[PDB]
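Trainee: Chains as they are written, first to last, in the entry's author numbering: chain F, 1 to 141, 145 to 367; chain D, 1 to 141, 145 to 367; chain C, 1 to 141, 145 to 367; chain B, 1 to 141, 145 to 367; chain A, 1 to 141, 145 to 367. Using N, Cα and C, we set each Cβ at its ideal position, and we do this for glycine too. Take this structure first; my questions come after.
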Amino acid sequence: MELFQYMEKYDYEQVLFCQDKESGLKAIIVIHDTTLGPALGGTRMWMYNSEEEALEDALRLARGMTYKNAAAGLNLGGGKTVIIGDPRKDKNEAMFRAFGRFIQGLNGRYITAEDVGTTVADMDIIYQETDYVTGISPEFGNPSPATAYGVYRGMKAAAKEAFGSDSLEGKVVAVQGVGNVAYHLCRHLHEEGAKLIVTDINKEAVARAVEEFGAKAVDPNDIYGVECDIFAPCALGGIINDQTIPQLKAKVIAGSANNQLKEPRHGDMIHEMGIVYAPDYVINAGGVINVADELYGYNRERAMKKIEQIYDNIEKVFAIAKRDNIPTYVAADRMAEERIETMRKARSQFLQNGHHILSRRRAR
Amino acid sequence: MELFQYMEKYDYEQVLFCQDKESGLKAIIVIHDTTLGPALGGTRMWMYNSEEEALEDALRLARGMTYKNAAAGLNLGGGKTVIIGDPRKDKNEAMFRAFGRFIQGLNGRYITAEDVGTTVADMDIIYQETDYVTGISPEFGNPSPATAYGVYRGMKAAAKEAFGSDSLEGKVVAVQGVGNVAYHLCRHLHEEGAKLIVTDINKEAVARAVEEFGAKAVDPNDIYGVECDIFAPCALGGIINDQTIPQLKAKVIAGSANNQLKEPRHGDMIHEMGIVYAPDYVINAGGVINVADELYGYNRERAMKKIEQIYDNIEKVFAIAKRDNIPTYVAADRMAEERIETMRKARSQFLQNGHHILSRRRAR
Amino acid sequence: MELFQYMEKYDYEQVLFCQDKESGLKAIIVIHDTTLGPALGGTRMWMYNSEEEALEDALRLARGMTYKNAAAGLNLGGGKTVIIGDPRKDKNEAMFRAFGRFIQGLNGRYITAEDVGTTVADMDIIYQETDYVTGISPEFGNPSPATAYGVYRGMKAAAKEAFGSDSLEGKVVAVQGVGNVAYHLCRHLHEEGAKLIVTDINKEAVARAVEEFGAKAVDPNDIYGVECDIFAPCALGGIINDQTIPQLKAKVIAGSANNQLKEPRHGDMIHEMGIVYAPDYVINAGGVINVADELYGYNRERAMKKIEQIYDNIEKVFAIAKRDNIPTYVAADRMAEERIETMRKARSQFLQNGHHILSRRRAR
Amino acid sequence: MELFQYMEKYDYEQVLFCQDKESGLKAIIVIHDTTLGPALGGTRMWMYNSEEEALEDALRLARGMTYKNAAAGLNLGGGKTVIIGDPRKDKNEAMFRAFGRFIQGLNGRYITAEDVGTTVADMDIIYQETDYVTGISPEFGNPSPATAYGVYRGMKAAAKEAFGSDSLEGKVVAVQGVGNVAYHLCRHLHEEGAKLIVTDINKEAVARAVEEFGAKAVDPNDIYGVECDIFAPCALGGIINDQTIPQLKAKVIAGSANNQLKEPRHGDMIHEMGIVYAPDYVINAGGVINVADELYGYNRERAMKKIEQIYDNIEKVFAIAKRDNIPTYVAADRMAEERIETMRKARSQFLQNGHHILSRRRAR
Amino acid sequence: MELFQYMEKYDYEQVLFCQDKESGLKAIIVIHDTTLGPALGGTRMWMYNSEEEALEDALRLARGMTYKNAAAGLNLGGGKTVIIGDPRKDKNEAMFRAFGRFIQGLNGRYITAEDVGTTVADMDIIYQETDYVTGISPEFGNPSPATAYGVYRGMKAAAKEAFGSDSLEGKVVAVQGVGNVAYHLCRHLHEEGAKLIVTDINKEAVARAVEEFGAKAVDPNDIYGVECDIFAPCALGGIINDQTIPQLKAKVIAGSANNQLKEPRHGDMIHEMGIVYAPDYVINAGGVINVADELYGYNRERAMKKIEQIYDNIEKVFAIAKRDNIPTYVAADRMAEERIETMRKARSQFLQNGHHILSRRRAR
Ligand SMILES: NC(=O)c1ccc[n+]([C@@H]2O[C@H](COP(=O)([O-])OP(=O)(O)OC[C@H]3O[C@@H](n4cnc5c(N)ncnc54)[C@H](O)[C@@H]3O)[C@@H](O)[C@H]2O)c1
Ligand SMILES: NC(=O)c1ccc[n+]([C@@H]2O[C@H](COP(=O)([O-])OP(=O)(O)OC[C@H]3O[C@@H](n4cnc5c(N)ncnc54)[C@H](O)[C@@H]3O)[C@@H](O)[C@H]2O)c1
Ligand SMILES: NC(=O)c1ccc[n+]([C@@H]2O[C@H](COP(=O)([O-])OP(=O)(O)OC[C@H]3O[C@@H](n4cnc5c(N)ncnc54)[C@H](O)[C@@H]3O)[C@@H](O)[C@H]2O)c1
Ligand SMILES: NC(=O)c1ccc[n+]([C@@H]2O[C@H](COP(=O)([O-])OP(=O)(O)OC[C@H]3O[C@@H](n4cnc5c(N)ncnc54)[C@H](O)[C@@H]3O)[C@@H](O)[C@H]2O)c1
Ligand SMILES: NC(=O)c1ccc[n+]([C@@H]2O[C@H](COP(=O)([O-])OP(=O)(O)OC[C@H]3O[C@@H](n4cnc5c(N)ncnc54)[C@H](O)[C@@H]3O)[C@@H](O)[C@H]2O)c1
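Written out as structure tokens, the structure is:
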């Protein structure tokens, strides 16, 4: 692969291949940047056809988590674990005890959380070996009201961008998927008093939506052509593709879905038309904020006060996009890199007793 | 300025000029005295025309905080920070991360709090770099009921000075400004059963006052000439000036406003007439007590029990003023300096494991 | 002075005005940069006519120590203390106990050493209050053989620059001043087998030089016109001025004197002629290396092995000067700033247990 | 006094004379025995005519607290402080800050609490200097329900001694004094369903007693001659004197009063008659148990479960009194000394990490 | 005795009566002042007729050690232990193990050393229980060359006072007693080249003195009338009495004997005549400096460099005596009290990590 070429083109710190034979563990931990703080990342268990599939996937997700944690305002880096196995039939205790010792042997340099493939029952076996695991605690045990609240605030900011007013009484919001994250979103949007147009691949969830908030049951294939204001995709990625760009009649795209643009040329075309696209990983970053506020000792009010700042994050993305005459998906990356370089240069004076995110401190 | 002459005439320990270029921070931390404990002080952000304006302002406020923290009964010194900038447009994260590291590099020798110009959203960025910051905690998050309760107790003490009885059923209290601190004061004064005469530059707050407690709406320019007993200024400083001294018909001045006397000759004239002036920084010291009780781990009952002692503080000020045949604004300074010198001499025996206000101790 | 303008033009971290009234201390500690490590600097006691004289002097010496400690290879920053007093009649214990507590209250952020005005009898009073003081220890108690050894190595490097050969058998070295630092230098130069031409304002030291190593007694005013190879000034600063540049018949200037060029235009003219000027603060940095190796627990062999690298330091200065087509006194500053920026960027990965120069570690 | 003779006859460890001149403190701390644990004792402020009065008083109370803390089941020794002053007019902050440093300088070897003469407002000034102070905490802030509950349990045990049955439905209890400790006692005695005969020097408290529980208002001088079963003195000491022994018609004396027997010959005569006298410092030891359970972090259920054991303490006193053919006031001392000697001999095996009552341990 | 009156007239911190019955220990520890540091004092074992004899003796020696440790330049207070027993027949291990635990229970607040009555074989039993004991270590094991060296330096200073020249070639020194401390003194005085006149109650030591350095054997009763310059008493106290003042023909009294003046009226008469009396506890303080330098880890060169400063101590005593127009034995007390008050006021700024003499620090 010439793996140091791929590392050198993007400045990856480490890739790290763990293995354990009596338990059957093959894991790839990738730490991209640990400038702001420790590298928080999800632990994803999935079956890949080779090692190179898993390696490329771990490297892309490490870069993505660095820009997410930076542009969210967290003092955390970016990394990602891939466990090569099958989560239906290739789990036991022994691989997670082996894996928790491989995390404890990095000495706090990498913090893990649950992701696609692991549950909060495998981060209890890891917690028996390490402290550097999050999303576990009896105080904590559910990021979906948090992610919905952050999508709500980002939609406020994008509405003040595209229109000037953020009071959404008198707006039309089309929402695809009502799966636990757009559901609380639809709670927030009707409790403000906005009109809702929902769809889903199921109908029982659509029946729940119409019974709760009087939404409009529309078929899933033509959610794209609905004349609305704010289109909020919450189902999958690759939704904005070449096959669907002229189908839109909305000017504000702000949803919780990951990897919304299929190719960056689509983002170029959206910026040439005029659809106000707030970027994908700045809006939906509420769940990562929620699971990173556990590192203080979890408190609901502090974490919701931090999730409230996604309004300001989106507003700075649009300010940089209008200053630099670039699209907004480029403005998100440049916001994050400016925060990384500025905190490299502004935290340079010597202290022999500095605080990081894992520090021992006063109870207060 | 010959800055060591000004430091030597009043025994300032340190002045300390912080600077950071990539974040735009220019700060002046002034530590006057750290005999009793660490130097607690506010962090004030304001735009000054030069450096000398900010320097003179920081030095005056450092001396003022030393006498306030001493005469309140706290084990804390006096200092003050001035950040030279514009709080409407010259804030970001990077200057407060730089500034929090400059506080952490004093090693607990200076504790900061919010003041005129900063909020409790900038002491969360400082808290990511240091423990020596107060007014932040999720247990804590509001000094105004505390400051009003302390003004109430000091008015009890001044009423027992001027009359002998502290039960205020049958008294007349004129209050200017109903802005969040005299409001709870008016709650306390009518729940004792005293008659209220309020005024304000607004009328909606006056309407709220009349609707709540049946106060008397009087115009703001002639609040000074109202025949009353206890005049409680709660709006600005420089109220007692030469233009308004013969306007008074009250004999007890006890309000929460800072810098009440314009010049000390006015205090000389008040003492020559006979108006019982309890001093400004002894009465309104309840908010500093509230934000300094957080250093124990915040508890409401302990802090209110400590705010209750402003009765005794005012009573000792009047005892020293009658012992020493001086005015009361001089009696406040001499009370504070006697407490400083007595705790210098009475805490002189050696211990290798002493407790200060920042010490680690048993949870209990 | 508009002191933040002068701080912002050169990126000073702190200026810090200490004062103590019962002991008579007025001190100015200036910390320029603490990127590489703590700020090591001398404590200089001298009488200045005002505060502004002392302030300008402290600021210049702080910048000079930053570039010296950087270009020497040390993990130390640059700072400087000025005590405003008279060392003949205004010393006692009480000001150094007060001053040692003001250094201990920076928490290791600034390390002090002896300099022009203090002795190793005032850094014993400071040592009773702090650990952040160097040059004191009973293992240690004499930087002059170290500084001479470093001047010897730098002269080796400048001789290989100007000629190609470093074996100095068959060279002519003119040395002014034989005061304890050029004396061991003349030991090294005749034990290699090089011819010496010494001078001094005294004659008894010249008699000692001629009796020891057979040097040539030449008058002090015409040491400049002596036809030689390597001219080694070791007396004062401002030697290379406009009045003496055409007097030289030497092509290698390498001496232990501080502030050799009077103005940088003189360095421009030296580079236009062709005299190989190795810069002043790269050669004579052996004494600072000697007093900074005490921070490990002093060992003579490790410190001499570190002083041996001034050959490589001079060789990199000449490599940058030939790469960048600038003079050598500019090449020294650019070497130091490249080392500062490169160690800012190469030590950026997170550790929660990093080592600095003041760290506790294994005895081994 | 030949003070070491008095110390040697009873094995006092230390007497310790503290003094502070600028605050006016003259204190006598007496530590009798610290075998079981640290010496807990009250701090009593009172005016004595000389030093010898205070010294004899401190020595008697130190021995009394050793036998109380031993026979109660606590891991605490016995000591006592006497401050020589006047609590009406000779208190300030400075003497308690001086005194708290003199307690902190014993290093946990002596723990102080409130007693006759100090309040819980002087153990807040001491708490600013030391951890070895009890009865202060915001969790804690009232030993009187505890002392009453313990008197109730001891009366249960004495009733099973004198009769065999502990169910007190159908008994007659005469109680003198209804001052906050016999009041909750009378609550417990009527909620079991026992008949009450109360008296007091006041009548309003007697009116409260008759209105609450239907007690019988009897004059205070002839409470001694009332035909009853269990006489419970709760007012003063010296009640059982020669003038009142034939006045009794009761066979169970069990009250919360200190120093009940005037001379031990009275206890000899009570044991010769047959009145079941449970001793004074075994019954009323509930308040000391309450203020010593704060040293764990105060919990109400654990402390009440420990106060419940006074039944077993009284039962062992009567078992030793019937085994050894001695009176019961001698049986209390011998119970305590057997516990002291047995815990000297049974805790003799070496540990390098033992637990005492002041130890740091797991939160759990 | 009214022991708090005697404590209050001189500001004694503590008197502390230890006792242990199974070992037979009766000890009186007196701590006078612990402002400068911990209280260093000797442990003296002697038989006194009562307690009051021992108590008065302990109090006088505590005050004397405070002024000695202050005027010597040490960071140590003054205290003194008296053990009431007979050192010929009333020692064992058990009393020193009991006593070492009573010193460890003061927590470093009092440091003990050997004195009249104990040896360095009883401070090995104490060292098995505590660290706060000095004069014991295998590095250490002999204050007499130190005390002689300090007497030599003080005699240098008194010779420059009385004459102007300190080079003692051509002087006459009469020395009584040649017992281990004047012996090394006579070594120093003839190795400078001064003429010696020795005497002693023995003759074999006088024969050793004449054989070594050619001294002059003079009878012991008329050592006082010898026409000399510097009279150096080294035998006992009470030498300068009314019976011997006109016998002197010397003008410089500088010897190592304790308690040289019988009454202070004798010192008044010496100052009225003109005999330059350097005070007793400033000259002979070399042994206390030697045993207090062990607290750093003992090093001979550092301790001798500190003993060298007795020249400067005597010079400041004479400067204060000529400034204040008082005798010199009063000038010694006022030098010490000025050092105590100045270090109370100059070490007042807050640090949470200060160094004292018992602090843990870097090995270096
Ligand atoms: N929960 C969080 O905090 C968080 C964080 C980041 C991203 N997200 C993203 O939010 C999206 C959904 O959230 P979730 O995974 O937590 O719950 P979810 O998977 O239950 O919600 C998805 C629902 O969308 C519907 N769906 C599937 N295909 C669809 C299609 N073509 N068209 C319309 N609807 C379709 C289904 O009802 C599905 O249950 C996901 O893309 C997830 O990655 C969530
Ligand atoms: N909150 C505290 O704990 C605390 C502590 C110390 C001092 N203070 C002082 O209390 C004063 C007011 O308290 P605040 O700042 O917290 O709330 P605030 O500023 O809202 O109250 C001030 C109100 O007074 C009225 N006002 C302005 N000018 C007036 C004028 N000429 N005449 C009459 N009323 C006028 C306005 O209604 C104003 O809102 C201030 O001077 C403040 O410095 C408060
Ligand atoms: N010792 C070190 O480690 C070190 C470090 C850095 C710089 N230096 C520099 O080295 C120089 C001298 O070293 P030093 O101060 O340690 O010992 P030093 O002061 O005793 O040596 C200087 C001697 O030069 C002679 N001198 C004075 N004026 C002269 C003149 N016009 N011409 C010729 N000679 C003259 C005198 O003999 C003088 O004693 C100084 O400039 C010092 O700053 C020394
Ligand atoms: N509160 C405790 O935990 C505790 C602990 C140990 C001992 N005690 C003892 O309990 C006794 C009383 O308890 P307290 O001090 O806490 O409250 P208290 O002092 O208010 O109760 C005493 C009351 O007894 C009455 N009194 C006074 N003289 C009397 C007399 N000749 N005859 C009858 N009644 C008389 C008065 O009403 C008095 O208020 C005291 O002797 C106290 O020492 C209490
Ligand atoms: N060793 C120290 O560091 C130190 C410190 C402080 C004080 N001193 C004092 O130094 C004095 C002697 O020193 P030492 O005790 O260590 O050794 P030491 O007791 O052996 O020296 C005293 C000698 O003086 C002689 N002596 C006794 N009576 C005499 C008399 N009337 N006239 C002349 N000589 C007489 C004897 O030879 C005696 O041995 C003592 O007063 C001691 O208190 C010593």
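(1) My assumption, with CB atoms under 8 Å, is that residue 113/D sits in contact with residue 42/D. Please give the rounded CB distance.
(2) Just tell me which of 30/F, 24/F and 52/F has its CA closest to the CA of residue 2/F.
(3) Residue 240/A touches chain C at which residues, Cβ-Cβ below 8 Å?
(4) Do residue 263/A and ligand 4 come close, with the Cβ less than 8 Å from some heavy atom?
(5) Could you give the DSSP three-state label for residue 104/B: helix, strand or coil?
(6) Are there any heavy atoms of ligand 1 lying less than 8 Å away from the beta-carbon of residue 287/F, as far as the coordinates show?
(7) Closer than 9 Å between beta carbons: that is the criterion. Which residues of the stretch 93-108 of chain B meet it against chain D?
(8) Would you call the CB atoms of residue 350/A and residue 98/C closer than 9 Å?
(9) Can you tell me whether residue 239/B sits near ligand 4, meaning its C-beta is under 8 Å from at least one heavy atom of the ligand?
(10) What does residue 130/C reach in chain A if we use C-beta pairs closer than 8 Å?
(11) Short of 8 Å in beta carbon distance, which residues of its chain neighbour residue 200/F, apart from the five on each side in sequence? Order them along the chain.
(12) Would you kindly work out how many angstroms separate the C-alpha atoms of residue 58/D and residue 304/B, rounded to a whole number?
(13) Excluding sequence positions up to five away, which residues of its chain have a Cβ less than 6 Å from the Cβ of residue 209/D?
(14) Compare the C-beta of residue 34/C with all C-beta atoms of chain F and state if any pair is closer than 9 Å.
(15) Over what stretch of residues does the alpha helix (DSSP H) that includes residue 193/F continue unbroken?
(16) Are the Cβ atoms of residue 144/B and residue 130/B separated by less than 9 Å?
(17) Just checking: is the beta-carbon of residue 56/A within a distance shorter than 9 Å of some beta-carbon in chain B?
(18) Counting contacts by CB-CB distance shorter than 9 Å, is residue 60/D in contact with chain B?
(19) Flag residue 87/C as yes if its beta-carbon sits less than 9 Å from any beta-carbon of chain A, otherwise no.
(20) Given 8 Å as the limit, is there contact between the stretch 304-320 of chain D and the stretch 29-45 of chain D, that is, 3 or more CB pairs closer than that?
(21) Quick one: does residue 122/C have its CB under 9 Å from some CB of chain A?
(22) Residue 76/C: which of 63/C, 140/C and 150/C sits nearest, CA to CA?
Mentor: The answer reads as follows:
(1) 5 Å
(2) 52/F
(3) Those do not exist, as residue 240/A stays about 31 Å from chain C at its closest Cβ, beyond 8 Å.
(4) no
(5) helix
(6) yes
(7) 93, 94, 95, 97, 98, 100, 101, 102, 104, 105 and 107
(8) yes
(9) yes
(10) 358
(11) 175, 176, 177, 178, 218, 219, 221, 226, 229 and 231
(12) 53 Å
(13) 203 and 220
(14) yes
(15) 185-195
(16) Since the model of chain B passes from 141 to 145 in one step, residue 144/B is not part of what is shown.
(17) no
(18) no
(19) no
(20) no
(21) no
(22) 63/C
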